[PDB]
Amino acid sequence: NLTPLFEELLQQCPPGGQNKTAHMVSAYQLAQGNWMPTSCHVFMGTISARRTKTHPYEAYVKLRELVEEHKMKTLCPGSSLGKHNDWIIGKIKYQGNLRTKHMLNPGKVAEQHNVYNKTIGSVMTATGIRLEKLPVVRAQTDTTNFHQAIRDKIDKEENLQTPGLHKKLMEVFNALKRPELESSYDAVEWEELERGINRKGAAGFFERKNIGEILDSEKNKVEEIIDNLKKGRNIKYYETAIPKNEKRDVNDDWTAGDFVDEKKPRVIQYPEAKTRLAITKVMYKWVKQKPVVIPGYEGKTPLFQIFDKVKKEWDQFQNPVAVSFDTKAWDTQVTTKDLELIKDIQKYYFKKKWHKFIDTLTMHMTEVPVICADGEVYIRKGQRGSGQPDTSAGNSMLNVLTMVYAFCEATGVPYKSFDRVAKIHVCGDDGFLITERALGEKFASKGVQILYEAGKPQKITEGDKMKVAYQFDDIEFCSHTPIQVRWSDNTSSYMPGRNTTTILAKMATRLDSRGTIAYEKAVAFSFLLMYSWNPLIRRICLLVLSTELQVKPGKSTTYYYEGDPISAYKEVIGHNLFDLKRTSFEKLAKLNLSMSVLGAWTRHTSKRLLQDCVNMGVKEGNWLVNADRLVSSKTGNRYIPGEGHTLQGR
């Protein structure tokens, strides 16, 4: 009768190991009665008890008491600052006001805009879209709330994990390794590194130069860092903490969409540019996943291809479901033991000569001095700094390993049999697995407690059950969800869907210090490659791309086109924009609801936007807008593309 109160309490219990020498009882058995708990240390949702004719509610107060004693005995031990971190105390000037209760705040070192895209935003307002009703995106955070986010998210002890967990995860990894690559990775040349790197990658708190300036002038400083790490010598490793969307919140690398920024923590933490180059030059093959050795890693997968790729798998099951990975604030849940596990996997693939390098870097990452923009210093215990070069690889491998383990331990499938039973996909902590429905439902109901014990608590959901998709287009991944379209050649395919209100908001605004038609047409094109299923988005893009046919698109955003944008679309999408005859009617109604709830459009909006495209397309000539099938069928005019190619930006 009171079994949900016990499932709750078992998620506040310290994770323990298998006690095969006493009775290990589930939350169900406890809600029955005549079971008296003898310790609060939980293992696969079970604790140690002895039958002793006790009332069920009596046994709850005892578990609650054992939990409350255990917490007031592991409070907050003042931890020894490692010697290799001592230098930061030598930079302290004033005393701290972070008021951290779980990490050292050893003081404070000396002190050291959302705007509209004018053309895109005009096209929206002309057809009656109310911009001030759209959701705000890319919000900045002041210093008072910045320090509060530190206190809320970062200022915590390392998660307790199941004893022996990381040996199991290494067992899972042994079922997934690629032995033809073992001990084979070496550092890359400067030239290869310089190809794939944003030269405006941010400088650390004590750095003045950005990535490109350091490449042009201080390569010796980077090789000096590499040398010291190679031999096992400490470096002055620190990370800098800035709020999301700050000036220094810059991606070293091309991102597959704005969803990567959306998923960043509120507190961004990154090593120095010199230090980031050092790690990247040596660990390139691992951090960039070249080749991909993480199963199901979609980090390199274009957003316009991902769901077609997944549907292929979904079709091979006889009753597939998809179970979502939904860890709470993943980066704050990464433990020292997690990092050492990833250190061990890296050592598998890297040549022996880099193992001391990896050991020493990993040691620096387990206790990280972090300097805030305003000078406040805290000493982070474990966790992931979002700007670390290893964030995508290191999180993706840890996510895969932890999710396979949790799935296998809930269902009974041996680790070496996971690949005959389920398919997995990850982007850092984001992802899901597809499997047959009964396995999927099993995993979904037991995964929450197994994942809490493995140190990755899940977001608190309706009945402590992991989210299950029972139809393909209910999957969520990379902030998007599948939507089917119909082409004029009697085929169908999937595109990345999301709320129309969200797309408008992201398309309409930017953070700027770059505000010009060149940038906006690059945005319009980048969005057309993803959202051409959405007729409102499709037509705003065509209108924007019709502006100043002689100005070329900018290269600072996700994609751009060389030559004809309509032909560039067909190059990567595989059909002509003109061949899209139908978007799935049910899914589109779902993704359009918030337009009506927020009042971001009116009953005329679609008509006015269609009427604007028609008015432009009837005129004699060659008009981009006539690539829209319904516009062309009303103007009587077709568009004849010239040559054109899609490319990545920066």
# chains A, B, ... in the order shown; residues from 1 in each chain; ligands from 1

call {"tool": "residues_around", "arguments": {"residues": "residue 116 in chain A", "least_positions_apart": "5", "cutoff": "7 Å", "atoms": "only C-alpha atoms", "output": "ChimeraX atom specification"}}
result
/A:121,508-510

call {"tool": "residues_around", "arguments": {"residues": "range 596-600 of chain A", "least_positions_apart": "3", "cutoff": "10 Å", "atoms": "only C-alpha atoms", "output": "list in words"}}
result
residues 128, 129, 130, 131, 132, 133, 134, 135, 500, 501, 504, 592, 593, 603 and 605 of chain A

call {"tool": "write_last_selection", "arguments": {"atoms": "N, CA and C atoms", "output": "PDB file, in the first residue's frame"}}
result
ATOM      1  N   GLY A 128       2.581  39.162 -39.847  1.00  0.00           N
ATOM      2  CA  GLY A 128       1.765  39.194 -38.650  1.00  0.00           C
ATOM      3  C   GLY A 128       2.250  38.355 -37.485  1.00  0.00           C
ATOM      4  N   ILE A 129       3.461  37.799 -37.558  1.00  0.00           N
ATOM      5  CA  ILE A 129       4.026  37.070 -36.430  1.00  0.00           C
ATOM      6  C   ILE A 129       4.415  38.066 -35.346  1.00  0.00           C
ATOM      7  N   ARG A 130       3.919  37.850 -34.132  1.00  0.00           N
ATOM      8  CA  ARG A 130       4.217  38.734 -32.999  1.00  0.00           C
ATOM      9  C   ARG A 130       5.508  38.278 -32.315  1.00  0.00           C
ATOM     10  N   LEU A 131       6.583  39.041 -32.508  1.00  0.00           N
ATOM     11  CA  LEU A 131       7.897  38.633 -32.001  1.00  0.00           C
ATOM     12  C   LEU A 131       7.947  38.638 -30.476  1.00  0.00           C
ATOM     13  N   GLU A 132       7.261  39.585 -29.846  1.00  0.00           N
ATOM     14  CA  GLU A 132       7.291  39.689 -28.398  1.00  0.00           C
ATOM     15  C   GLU A 132       6.514  38.580 -27.701  1.00  0.00           C
ATOM     16  N   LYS A 133       5.822  37.720 -28.447  1.00  0.00           N
ATOM     17  CA  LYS A 133       5.185  36.540 -27.877  1.00  0.00           C
ATOM     18  C   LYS A 133       6.056  35.303 -27.991  1.00  0.00           C
ATOM     19  N   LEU A 134       7.151  35.370 -28.750  1.00  0.00           N
ATOM     20  CA  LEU A 134       8.024  34.220 -28.906  1.00  0.00           C
ATOM     21  C   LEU A 134       8.816  33.982 -27.623  1.00  0.00           C
ATOM     22  N   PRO A 135       9.179  32.727 -27.337  1.00  0.00           N
ATOM     23  CA  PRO A 135       9.993  32.445 -26.145  1.00  0.00           C
ATOM     24  C   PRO A 135      11.361  33.101 -26.242  1.00  0.00           C
ATOM     25  N   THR A 500       7.420  25.110 -33.591  1.00  0.00           N
ATOM     26  CA  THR A 500       7.534  26.266 -34.477  1.00  0.00           C
ATOM     27  C   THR A 500       7.904  27.520 -33.695  1.00  0.00           C
ATOM     28  N   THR A 501       7.324  27.687 -32.502  1.00  0.00           N
ATOM     29  CA  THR A 501       7.651  28.836 -31.661  1.00  0.00           C
ATOM     30  C   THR A 501       9.140  28.877 -31.334  1.00  0.00           C
ATOM     31  N   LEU A 504      11.258  29.854 -34.621  1.00  0.00           N
ATOM     32  CA  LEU A 504      11.129  31.278 -34.887  1.00  0.00           C
ATOM     33  C   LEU A 504      12.025  32.076 -33.954  1.00  0.00           C
ATOM     34  N   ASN A 592       2.876  22.831 -33.851  1.00  0.00           N
ATOM     35  CA  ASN A 592       2.323  24.164 -34.048  1.00  0.00           C
ATOM     36  C   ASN A 592       1.442  24.635 -32.894  1.00  0.00           C
ATOM     37  N   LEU A 593       1.122  23.759 -31.940  1.00  0.00           N
ATOM     38  CA  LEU A 593       0.209  24.135 -30.864  1.00  0.00           C
ATOM     39  C   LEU A 593       0.663  25.418 -30.167  1.00  0.00           C
ATOM     40  N   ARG A 603      -5.026  34.073 -37.225  1.00  0.00           N
ATOM     41  CA  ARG A 603      -5.695  33.285 -38.247  1.00  0.00           C
ATOM     42  C   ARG A 603      -5.309  33.692 -39.664  1.00  0.00           C
ATOM     43  N   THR A 605      -1.996  34.566 -40.495  1.00  0.00           N
ATOM     44  CA  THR A 605      -0.541  34.580 -40.647  1.00  0.00           C
ATOM     45  C   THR A 605      -0.094  33.703 -41.808  1.00  0.00           C
TER      46      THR A 605
END

call {"tool": "closest_residue", "arguments": {"among": "A:30, A:75, A:152, A:446", "to": "residue 59 in chain A", "atoms": "only C-alpha atoms"}}
result
A:30

call {"tool": "atom_distance", "arguments": {"atom1": "CA of residue 88 in chain A", "atom2": "CA of residue 253 in chain A"}}
result
29.2 Å

call {"tool": "closest_residue", "arguments": {"among": "A:117, A:547, A:449, A:95", "to": "residue 410 in chain A", "atoms": "only C-alpha atoms"}}
result
A:449

call {"tool": "atom_distance", "arguments": {"atom1": "CA of residue 421 in chain A", "atom2": "CA of residue 481 in chain A"}}
result
23.5 Å

call {"tool": "closest_residue", "arguments": {"among": "A:586, A:178, A:551, A:442", "to": "residue 483 in chain A", "atoms": "only C-alpha atoms"}}
result
A:586

call {"tool": "closest_residue", "arguments": {"among": "A:484, A:236, A:127, A:631", "to": "residue 90 in chain A", "atoms": "only C-alpha atoms"}}
result
A:236

call {"tool": "residues_around", "arguments": {"residues": "range 463-465 of chain A", "least_positions_apart": "6", "cutoff": "9 Å", "atoms": "only C-alpha atoms", "output": "PyMOL selection string"}}
result
chain A and resi 4+7-8+444-449

call {"tool": "write_last_selection", "arguments": {"atoms": "N, CA, C and O atoms", "output": "mmCIF file, in the first residue's frame"}}
result
data_model
loop_
_atom_site.group_PDB
_atom_site.id
_atom_site.type_symbol
_atom_site.label_atom_id
_atom_site.label_comp_id
_atom_site.auth_asym_id
_atom_site.auth_seq_id
_atom_site.Cartn_x
_atom_site.Cartn_y
_atom_site.Cartn_z
ATOM 1 N N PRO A 4 5.179 3.167 -2.856
ATOM 2 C CA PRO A 4 5.846 4.322 -3.481
ATOM 3 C C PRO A 4 6.641 5.167 -2.501
ATOM 4 O O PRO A 4 7.632 5.787 -2.904
ATOM 5 N N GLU A 7 10.092 3.318 -2.509
ATOM 6 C CA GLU A 7 10.859 3.614 -3.715
ATOM 7 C C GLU A 7 11.483 4.995 -3.614
ATOM 8 O O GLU A 7 12.660 5.181 -3.941
ATOM 9 N N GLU A 8 10.722 5.958 -3.098
ATOM 10 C CA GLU A 8 11.254 7.289 -2.837
ATOM 11 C C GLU A 8 12.443 7.234 -1.881
ATOM 12 O O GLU A 8 13.529 7.751 -2.182
ATOM 13 N N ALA A 444 12.863 0.531 -18.232
ATOM 14 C CA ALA A 444 12.265 1.812 -17.862
ATOM 15 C C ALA A 444 11.837 1.850 -16.400
ATOM 16 O O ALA A 444 11.898 2.905 -15.761
ATOM 17 N N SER A 445 11.380 0.730 -15.851
ATOM 18 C CA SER A 445 10.853 0.788 -14.488
ATOM 19 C C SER A 445 11.928 0.548 -13.436
ATOM 20 O O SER A 445 11.790 1.007 -12.295
ATOM 21 N N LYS A 446 12.989 -0.172 -13.791
ATOM 22 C CA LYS A 446 14.083 -0.436 -12.869
ATOM 23 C C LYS A 446 15.270 0.500 -13.056
ATOM 24 O O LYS A 446 16.115 0.595 -12.152
ATOM 25 N N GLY A 447 15.339 1.205 -14.195
ATOM 26 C CA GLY A 447 16.528 1.979 -14.509
ATOM 27 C C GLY A 447 16.741 3.146 -13.565
ATOM 28 O O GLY A 447 17.882 3.499 -13.246
ATOM 29 N N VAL A 448 15.650 3.747 -13.085
ATOM 30 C CA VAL A 448 15.761 4.937 -12.243
ATOM 31 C C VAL A 448 16.612 4.642 -11.004
ATOM 32 O O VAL A 448 17.565 5.372 -10.690
ATOM 33 N N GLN A 449 16.310 3.547 -10.307
ATOM 34 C CA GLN A 449 17.030 3.246 -9.074
ATOM 35 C C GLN A 449 18.426 2.717 -9.365
ATOM 36 O O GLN A 449 19.371 3.003 -8.615
#

call {"tool": "closest_residue", "arguments": {"among": "A:287, A:568, A:537, A:422", "to": "residue 609 in chain A", "atoms": "only C-alpha atoms"}}
result
A:537

call {"tool": "select_by_dssp", "arguments": {"residues": "range 53-124 of chain A", "states": "strand (DSSP E or B)", "output": "PyMOL selection string"}}
result
chain A and resi 92-94+107-109+114-116

call {"tool": "write_last_selection", "arguments": {"atoms": "N, CA and C atoms", "output": "short mmCIF file (atom, residue, chain, number, x, y, z; two decimals), in the first residue's frame"}}
result
data_model
loop_
_atom_site.label_atom_id
_atom_site.label_comp_id
_atom_site.auth_asym_id
_atom_site.auth_seq_id
_atom_site.Cartn_x
_atom_site.Cartn_y
_atom_site.Cartn_z
N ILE A 92 45.69 34.45 -4.55
CA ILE A 92 44.57 35.01 -3.80
C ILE A 92 44.94 36.38 -3.26
N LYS A 93 43.97 37.30 -3.28
CA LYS A 93 44.23 38.68 -2.85
C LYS A 93 43.23 39.10 -1.78
N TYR A 94 41.95 38.88 -2.04
CA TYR A 94 40.90 39.19 -1.09
C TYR A 94 40.20 37.90 -0.70
N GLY A 107 39.26 32.22 -1.55
CA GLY A 107 39.38 33.66 -1.72
C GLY A 107 39.18 34.09 -3.16
N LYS A 108 39.66 35.30 -3.44
CA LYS A 108 39.38 36.03 -4.68
C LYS A 108 40.67 36.62 -5.22
N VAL A 109 41.02 36.28 -6.47
CA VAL A 109 42.22 36.84 -7.09
C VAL A 109 41.92 38.26 -7.55
N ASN A 114 21.02 40.34 -26.42
CA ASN A 114 20.16 39.66 -27.39
C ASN A 114 19.57 40.72 -28.34
N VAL A 115 19.93 40.65 -29.62
CA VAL A 115 19.45 41.62 -30.61
C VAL A 115 18.79 40.89 -31.78
N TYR A 116 17.91 41.61 -32.48
CA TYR A 116 17.15 41.01 -33.57
C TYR A 116 17.95 40.96 -34.87
#

call {"tool": "closest_residue", "arguments": {"among": "A:293, A:529, A:408, A:577", "to": "residue 181 in chain A", "atoms": "only C-alpha atoms"}}
result
A:293
